[PDB]
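Residue numbers (the authors' numbering), protein chains in the order written: chain B, 8 to 93; chain A, 10 to 93.
We put the CB at the ideal spot given by N, CA and C, even for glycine.
Everything on this sheet refers to the single structure shown next.
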Amino acid sequence: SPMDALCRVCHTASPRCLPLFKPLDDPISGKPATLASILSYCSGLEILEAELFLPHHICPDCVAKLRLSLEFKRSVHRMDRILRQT
Amino acid sequence: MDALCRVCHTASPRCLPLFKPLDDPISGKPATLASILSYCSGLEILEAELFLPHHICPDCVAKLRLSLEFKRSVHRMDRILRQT
Ligand SMILES: [Zn+2]
Ligand SMILES: [Zn+2]
């Protein structure tokens with residue numbers, strides 16, 4: 008239970024929750040992607056490290072739904088660009 | 010030629026119409042596949058743009074349903090977290 012962190016999406020306590028604010032890439036222009044910037048992209052919510060009293064992690068099942076959401080949103084945008092000659 | 014999917018551009022004789030009213034599958038409230046797609050993607054899916062596809066294939070509708078369930082779950086938890 009001290010072994011556990013709470014998921015920002017479903018509030019489950021899991022010892023395998025992943026940190027929302029850890030960089031997943033090291034890009035040369037601009038800030039790294041994080042699970043929080045992907046969650047914000049998919050959900051439209053502000054997911055900000057500065058709100059220190061909210062959950063800062065995401066459980067493996069919610070990360071799985073997030074990955075599908077991201078692929079879907081990116082596919083909708085990619086097609087929209089192609090269709091608009093963008 | 011079969012109808013083209015707005016999301017993946019497959020031509021399918023089983024594509025579904027974006028602009029026909031149905032009940033939102035989470036809220037039960039009036040919606041269309043276009044208003045749900047717009048809500049999940051952040052793009053305007055408007056019938057008046059007559060040069061763009063007006064249909065969506067059953068595979069992309071399945072991904073859309075998962076996307077909507079996920080977005081609504083994130084928002085429901087946010088309300089609980091910020092709840093009076
Ligand atoms: Zn979760
Ligand atoms: Zn499709």
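Per-residue contacts from residue i into chain A (C-beta, under 7 Å)
i: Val16 of chain B; result: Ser82, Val83, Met86
i: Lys38 of chain B; result: Within chain A, no residue comes near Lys38 of chain B; the closest Cβ sits about 20 Å away, beyond 7 Å.
Element boundaries [alpha helix (DSSP H), containing residue i]
i: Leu52 of chain B; result: Careful: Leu52 of chain B lies outside any alpha helix (DSSP H) and carries neither H nor E.
i: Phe79 of chain B; result: 67-90
8 Å Cβ cutoff met for residue i and residue j
i: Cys69 of chain B; j: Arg23 of chain B; result: no
i: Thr19 of chain A; j: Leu31 of chain A; result: no
i: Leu27 of chain B; j: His63 of chain B; result: yes
i: residue 136 of chain B; j: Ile45 of chain B; result: The question about residue 136 of chain B has no answer, for chain B in this structure spans 8 to 93.
i: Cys49 of chain B; j: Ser82 of chain A; result: no
i: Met86 of chain A; j: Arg15 of chain B; result: yes
Sequence-distant residues of the same chain with beta carbon closer than 8 Å to residue i, five excluded per side
i: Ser47 of chain B; result: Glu53, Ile54
Under 7 Å from the C-beta of residue i: neighbouring residues of chain B
i: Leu90 of chain A; result: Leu61
Same chain, Cβ closer than 6 Å to residue i, five either side skipped, listed in chain order
i: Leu13 of chain A; result: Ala20, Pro62
i: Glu56 of chain A; result: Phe28
i: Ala71 of chain A; result: none
i: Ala43 of chain A; result: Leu27, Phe28, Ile54
Contact set between residue i and chain B, taken where Cβ atoms lie within less than 9 Å
i: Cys49 of chain A; result: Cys49, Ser76, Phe79, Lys80, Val83
Contacts that residue i makes with chain A (C-beta to C-beta distance below 8 Å)
i: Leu52 of chain B; result: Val83, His84, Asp87
Contact set between residue i and chain A, taken where Cβ atoms lie within less than 9 Å
i: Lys29 of chain B; result: Under the 9 Å cutoff, chain A gives no residues; its nearest Cβ is about 19 Å from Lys29 of chain B.
In chain order, which continuous runs of the beta strand (DSSP E) of length 3 or greater are located wholly inside the segment 21-46 of chain B? none
So if I measure from each beta-carbon to every heavy atom of ligand 4 and keep distances below 7 Å, which residues remain? Absence of ligand 4 is noted for the structure shown, with ligand 1 and ligand 2 being the only ligands found.
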